[PDB]
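Chains as they are written, first to last, in the deposited numbering: chain C, 0 to 90; chain D, 0 to 90; chain A, 0 to 90; chain B, 0 to 91; chain H, 0 to 89; chain G, 0 to 90; chain F, 0 to 90; chain E, 0 to 90.
Where a beta carbon is used, it is the ideal one built from N, C-alpha and C, also for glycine.
Structure first, commentary second.
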Amino acid sequence: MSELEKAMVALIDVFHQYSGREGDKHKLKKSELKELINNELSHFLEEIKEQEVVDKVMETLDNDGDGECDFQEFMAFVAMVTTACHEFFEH
Amino acid sequence: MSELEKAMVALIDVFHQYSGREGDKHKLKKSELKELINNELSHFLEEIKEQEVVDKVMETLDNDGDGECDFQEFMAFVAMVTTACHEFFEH
Amino acid sequence: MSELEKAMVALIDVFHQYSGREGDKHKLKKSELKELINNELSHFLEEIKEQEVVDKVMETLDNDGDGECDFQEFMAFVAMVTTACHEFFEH
Amino acid sequence: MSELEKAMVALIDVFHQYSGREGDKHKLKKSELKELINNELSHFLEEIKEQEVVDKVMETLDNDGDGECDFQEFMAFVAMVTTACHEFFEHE
Amino acid sequence: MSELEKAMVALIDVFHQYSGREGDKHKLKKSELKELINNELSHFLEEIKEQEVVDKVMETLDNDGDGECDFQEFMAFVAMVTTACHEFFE
Amino acid sequence: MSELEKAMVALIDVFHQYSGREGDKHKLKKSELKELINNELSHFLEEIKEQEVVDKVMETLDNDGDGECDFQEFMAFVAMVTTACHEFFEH
Amino acid sequence: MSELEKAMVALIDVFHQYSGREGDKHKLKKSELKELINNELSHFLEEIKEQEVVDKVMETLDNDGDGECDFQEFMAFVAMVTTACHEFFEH
Amino acid sequence: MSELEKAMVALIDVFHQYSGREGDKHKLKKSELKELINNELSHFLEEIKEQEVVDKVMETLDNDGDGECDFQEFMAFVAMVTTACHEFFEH
Ligand SMILES: [Ca+2]
Ligand SMILES: [Ca+2]
Ligand SMILES: [Ca+2]
Ligand SMILES: [Ca+2]
Ligand SMILES: [Ca+2]
Ligand SMILES: [Ca+2]
Ligand SMILES: [Ca+2]
Ligand SMILES: [Ca+2]
Ligand SMILES: [Ca+2]
Ligand SMILES: [Ca+2]
Ligand SMILES: [Ca+2]
Ligand SMILES: [Ca+2]
Ligand SMILES: [Ca+2]
Ligand SMILES: [Ca+2]
Ligand SMILES: [Ca+2]
Ligand SMILES: [Ca+2]
Ligand SMILES: [Ca+2]
Ligand SMILES: [Ca+2]
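Take a look at the structure:
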């Protein structure tokens with residue numbers, strides 16, 4: 000598989016890894032999203048330490064309004080974060 | 000780097016491997032997109048062998064209608080392809 | 000170690016994670032096999048929830064007729080599931 | 000994905016890596032199998048140098064006569080090496 | 000660095016990792032040796048569950064009688080274990 | 000496999016890569032030992048350029064008097080060289 | 000990621016481990032640089048315990064005159080130390 | 000060893016692997032430097048396909064003018080790349 004293909008499997012893996020911890024095994028609840036952001040995105044995002052911050056992140060990602068982040072919402076989240084960090088190269 | 004962050008860097012790297020070939024070095028033109036798909040997504044997608052199919056993929060991805068795929072749009076494509084793969088893994 | 004070499008070791012390690020829980024530490028009994036499948040093959044296989052399903056899985060895997068799955072029989076099951084997954088990535 | 004599920008995908012991945020280089024993209028020809036063994040099994044197996052050795056491994060693995068190793072045949076190879084490794088280790 | 004030189008540094012590093020956990024930072028006391036064996040040699044050695052067993056392992060390794068395993072003593076243990084592994088090719 | 004276990008296998012691997020050159024493929028003769036030192040211990044040890052230096056190393060290592068270095072004897076050489084290197088990082 | 004790539008990220012990570020303790024989270028004040036040296040270079044460098052050694056090291060590393068060590072400046076320190084280590088292995 | 004110590008040994012190791020191939024075994028000639036960048040900086044850097052690219056990189060790094068990069072000069076390059084990576088993660 001190419002490196003791009005392996006990158007896509009890794010996105011699915013990390014999602015499974017956190018979404019399967021608690022409750023709904025196919026979505027991230029606020030707590031799981033907090034742990035994903037803090038443990039897996041520490042070079043791209045500041046550590047989330049206040050519930051207002053977890054709440055706004057989740058409010059932003061949660062387009063179906065169920066209070067959780069499903070896989071499609073997580074892919075959009077990754078797209079936003081990666082797009083943002085790639086703007087570094089856009090000058 | 001986490002495996003998530005490595006995936007994110009891979010996505011940026013592969014995008015540029017193809018985007019910088021011609022014209023705007025931060026967008027994929029149709030020829031660059033065709034090559035990316037054919038060389039980097041050979042296990043997940045059918046090889047593109049017809050200009051018509053190339054036009055249709057770009058028409059689908061090109062959300063801002065500038066005729067090219069920028070990195071935001073490329074992320075949306077990756078998310079679509081990832082999604083297809085993720086379906087295989089929910090049982 | 001290469002990714003292949005680590006993968007071979009991971010197959011050994013998972014077999015023993017389960018085989019050593021109960022009874023003979025070198026074989027998977029039904030309950031161990033059910034737990035391995037349910038916990039470690041959840042994205043590749045439907046969860047096993049009924050004794051009758053467990054029984055038929057063991058019956059296919061248990062070639063030598065001792066009522067359990069030994070390492071070699073487990074390697075055959077791994078080759079079966081892997082071949083199934085490999086049929087996916089054919090393009 | 001579990002460690003087991005990752006290990007299965009890593010088997011598919013390495014197969015692809017070598018099978019797609021030359022000729023039939025869905026099979027390892029002798030040179031492709033040689034490379035895979037020398038680059039990816041370079042801690043479990045001795046480097047294959049002599050052609051005769053390459054020839055013999057392929058004859059071991061090639062069950063359908065076509066002179067190449069397909070994925071199914073490669074999985075039987077993987078089981079052979081994993082078993083050898085299993086016998087190398089302690090389990091008590 | 001060759002694969003041999005890198006192996007050597009890895010041996011130094013694992014000894015460091017465990018020798019620094021309690022007491023004398025340069026030696027493995029019995030608890031530290033038990034943990035290294037159980038955490039880092041799980042594919043080559045039986046897990047140690049009994050104190051008799053780790054006392055016996057240390058008695059064997061402990062050539063200067065201080066009741067701990069220093070690095071030179073650790074290298075000897077590594078030599079024994081690797082030589083035993085190698086018996087697989089005998 | 001742990002880094003320590005990886006190390007142990009590397010040690011077996013290099014020994015065989017040299018021992019297998021000539022004569023007994025399970026032992027290092029003087030020429031093979033010289034080559035191992037010069038090519039694999041180039042950063043820990045001064046290059047051997049003198050027959051007397053070779054002779055001396057082998058006399059030190061060879062404990063069963065066959066005039067060669069088997070694996071067990073090589074492990075003793077490894078212990079010795081590593082130990083000397085460790086003390087160098089010592090507080 | 001290659002070993003080189005992972006090593007570069009490890010440099011960023013240890014820097015931040017100590018840089019974020021106090022004050023500017025993006026620079027090392029002398030107390031922080033001291034602790035970094037004392038805790039993460041314990042096998043390469045003798046412990047610093049005198050004001051003047053810290054003062055001396057910081058004056059060497061400080062090129063923009065803020066009395067702190069930013070990440071670029073830290074990289075000159077890393078270069079110095081590593082070059083020093085490389086010289087021990089060249090013999 | 001700490002993560003920082005191992006990172007430092009990794010930097011010296013990668014230098015040894017590439018500097019050893021051709022000519023002066025203690026320095027990187029331009030072909031060696033191209034190989035290192037293409038093989039070891041492949042996730043962070045663009046592939047060098049145009050010879051004028053290593054030519055200009057060497058131009059900057061060579062400060063004793065043997066037209067090659069020694070370890071010292073190599074560390075400056077590692078600073079430059081690592082610093083860019085830091086700024087990239089700095090958003
Ligand atoms: Ca959940
Ligand atoms: Ca939602
Ligand atoms: Ca372009
Ligand atoms: Ca567009
Ligand atoms: Ca059992
Ligand atoms: Ca059976
Ligand atoms: Ca082929
Ligand atoms: Ca090898
Ligand atoms: Ca065949
Ligand atoms: Ca201790
Ligand atoms: Ca002792
Ligand atoms: Ca020999
Ligand atoms: Ca002998
Ligand atoms: Ca600070
Ligand atoms: Ca400063
Ligand atoms: Ca050179
Ligand atoms: Ca690249
Ligand atoms: Ca120079």
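*Kindly identify the DSSP beta-bridge partner or partners of residue 84 (chain G).*
Answer by DSSP bridge pairing: none, since residue 84 (chain G) is not bridged.
*Residues of the stretch 49 to 65 of chain B with a CB closer than 9 Å to any CB of chain A: list them in chain order, please.*
For the stretch 49 to 65 of chain B, which is checked against every Cβ of chain A, not one residue is closer than 9 Å.
*Tell whether a beta-carbon distance below 8 Å holds between residue 35 (chain F) and residue 27 (chain F).*
Closer than 8 Å, so yes.
*Report buried or exposed for residue 87 (chain F), applying the criterion of at least 16 other Cβ atoms within 10 angstroms of its Cβ.*
Exposed: under 16 other Cβ atoms inside 10 Å.
_If we define contact as Cβ-Cβ less than 8 Å, is residue 28 (chain D) a contact residue for chain C?_
The Cβ of residue 28 (chain D) sits no closer than 8 Å to any Cβ of chain C.
*Using a Cβ-Cβ cut-off of less than 9 Å, give me the residues of the stretch 2 to 19 of chain H that come near chain E, in sequence order.*
The stretch 2 to 19 of chain H vs chain E, Cβ under 9 Å: 4, 5, 8, 11, 12, 15 and 16.
*Of the residues D:23, D:59 and D:73, the one placed nearest residue 3 (chain C), counting alpha carbons only*: By alpha-carbon distance to residue 3 (chain C), the top candidate from D:23, D:59 and D:73 is D:73.
*If we ignore side chains and look at the alpha-carbon of each, how far apart do residue 84 (chain H) and residue 7 (chain G) end up?*
One Cα belongs to residue 84 (chain H), the other to residue 7 (chain G), and the distance between them is close to 9 Å.
*What are the residues that DSSP puts in a beta bridge with residue 54 (chain B)?*
Bridge partners of residue 54 (chain B): none, in fact.
*Looking at residue 79 (chain E) and residue 68 (chain E), is the spacing between their C-beta atoms short of 8 Å?*
Between residue 68 (chain E) and residue 79 (chain E), the gap from beta carbon to beta carbon reaches 8 Å or more.
*Report the three-state DSSP secondary structure of residue 5 (chain B) (helix, strand or coil).*
In this structure, residue 5 (chain B) counts as helix in the three-state DSSP scheme.
*Check the Cβ of residue 44 (chain H) against every Cβ in chain B and list those closer than 7 Å, keeping chain order.*
Neighbours of residue 44 (chain H) on chain B, chain order: 89.
*Which ranges would you report for the alpha helix (DSSP H) in the stretch 23 to 78 of chain F if only whole runs of at least 4 residues count?*
The stretch 23 to 78 of chain F contains these whole alpha helix (DSSP H) runs: 29 to 39 and 50 to 60.
_C-beta neighbour in chain E for residue 68 (chain F), strict 8 Å_ = No, because no Cβ of chain E sits closer than 8 Å to the Cβ of residue 68 (chain F).
*Supposed close pair residue 47 (chain D), residue 37 (chain D) - CB separation, criterion 8 Å*: With a Cβ gap of about 6 Å, residue 47 (chain D) and residue 37 (chain D) count as contacting.
*asked:* Does residue 91 (chain B) pass the burial test, meaning 16 or more other C-beta atoms within 10 Å, or should it be called exposed?
replied: The residue is exposed, with fewer than 16 neighbouring Cβ atoms inside 10 Å.
*Residues with a Cβ closer than 5 Å to any heavy atom of ligand 8, in chain order?*
Counting every residue whose Cβ lies closer than 5 Å to a heavy atom of ligand 8, we get B:41 and G:12.
_In whole angstroms, give me the CA-to-CA distance for residue 41 (chain B) and residue 62 (chain C)._
Residue 41 (chain B) and residue 62 (chain C): Cα-Cα distance of roughly 49 Å.
_Give me the chain B residues within the contact set of residue 0 (chain C), using Cβ-Cβ distance strictly less than 7 Å, ordered along the chain._
Within chain B, the residues near residue 0 (chain C) are 12 and 15.
*Under three-state DSSP, which class holds residue 15 (chain C)?*
In the structure shown, residue 15 (chain C) falls within a helical segment according to DSSP collapsed to helix, strand and coil.
*Does residue 32 (chain B) have its Cβ less than 8 Å from a Cβ in chain A?*
Not one chain A Cβ lies under 8 Å of residue 32 (chain B).
_Residues of its chain near residue 59 (chain F), where Cβ-Cβ distance is below 7 Å and the 5 sequence neighbours each way are ignored_ = Only residues of its own chain outside the window of five on either side were considered, and among them none has a CB closer than 7 Å to the CB of residue 59 (chain F).
*asked:* Rounding to the nearest angstrom, what Cα-Cα distance links residue 52 (chain F) and residue 31 (chain F) in this structure?
replied: In a straight line, the C-alpha of residue 52 (chain F) is about 14 Å away from that of residue 31 (chain F).
*List, in order along the chain, the chain D residues whose C-beta lies closer than 8 Å to that of residue 38 (chain C)?*
Annotation: Cβ neighbours of residue 38 (chain C) in chain D (cutoff 8 Å, chain order): 1.
_Pocket of ligand 1 defined by Cβ to heavy atom distance under 6 Å_ = After applying the 6 Å Cβ criterion, the set is C:18, C:20, C:21, C:22, C:23, C:24, C:26, C:27, C:28 and C:31.
_When B:1, B:89 and B:17 are compared against residue 0 (chain C), the one with the closest alpha-carbon_ = Closest option to residue 0 (chain C), Cα to Cα, is B:17.
*Does the Cβ-Cβ distance between residue 70 (chain B) and residue 82 (chain A) come in under 8 Å?*
Yes.
*asked:* Would residue 25 (chain D) and residue 89 (chain C) qualify as a contact pair, given that the criterion is a beta-carbon distance under 8 Å?
replied: For residue 25 (chain D) and residue 89 (chain C), yes; Cβs fall inside 8 Å.
_Can you list, in chain order, the residues of its chain with a C-beta nearer than 8 Å to that of residue 13 (chain F)? Leave out the 5 residues immediately preceding and following it._
The beta carbon of residue 13 (chain F) lies closer than 8 Å to those of 35 and 39 in the same chain, with the five residues before and after it left out.
*Tell me whether residue 55 (chain B) is buried or exposed, calling it buried when 16 or more other Cβ atoms sit within 10 Å of its Cβ.*
Exposed: under 16 other Cβ atoms inside 10 Å.
_Here's a check: name, in chain order, each residue in its chain whose Cβ is nearer than 8 Å to the Cβ of residue 66 (chain C), leaving out the five neighbours to either side._
Hits under 8 Å: 28, 29 and 57.
*Measuring CB to CB, does residue 9 (chain C) end up less than 8 Å from residue 33 (chain D)?*
Taking 8 Å as the Cβ cut-off, residue 9 (chain C) and residue 33 (chain D) do not qualify as a contacting pair.
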